[PDB]
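Here we start with a single chain on its own, the form deposited without the partner chain, put down as structure tokens.
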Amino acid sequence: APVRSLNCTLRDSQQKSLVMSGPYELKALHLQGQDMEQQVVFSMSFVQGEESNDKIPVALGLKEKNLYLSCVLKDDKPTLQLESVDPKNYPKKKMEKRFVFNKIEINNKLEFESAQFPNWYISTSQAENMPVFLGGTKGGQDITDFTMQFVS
């Protein structure tokens, strides 16, 4: 069958929203009212991969864009990028591993671990207007916890 997808927004546990802030750039900032309506709308696809009760493999595409969050080595480090794909082939159930996040539910929050890079997480900074990034630590200054909002 097709791949199943849900539209959603994410907010970090400090309640910062995500917005595309330039060519293939995602930043996190405090938003409310008119400024929130520009927040990134993910198409979260439920993809092939190792699965458990609280650990669900997903891809995070941008709604109606041929753009996916992906995890790749850059200058020899696991990094988060926005990667373009052939819009005739995506989304698909068997997404390449760089596009796969383990969505992990712990204490009413979500973490997104890279499937490709174990123990590397979608992260935000405490400061406003900084990039969303792949972070290799938790319980530091970096935020690795999120909430999801379902969108029509």
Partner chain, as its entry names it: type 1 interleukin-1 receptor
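Here, rigid core means the biggest group of C-alpha atoms that superpose within 1.5 Å across both forms. Positions refer to the first chain, counted from 1.
Just going by the entry, 102-110 versus 80-88 on mean CA temperature factor gives the higher value to 102-110.
A summary of the deposited B-factors shows that, of 133-141 and 13-21, the stretch with the larger mean C-alpha value is 133-141.
Take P118, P57, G33, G61 and read off each C-alpha B-factor from the entry; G33 has the highest. Ranked against the other modelled residues of its chain, the C-alpha B-factor of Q48 as given in the entry falls in the highest third. When the modelled residues of the chain are ordered by their C-alpha B factor, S152 lands in the highest third.
Just so it is clear, the following notes concern the form deposited with the partner chain bound, a form of the same protein that is not shown.
Annotation for 59-86: no interface residues with the partner chain in the entry with it bound [heavy atom within 4.5 Å]. Candidate set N89, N119, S52, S84; criterion, C-alpha shift of 2 Å or more between the shown form and the other one after rigid-core fit; matching residue, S52.
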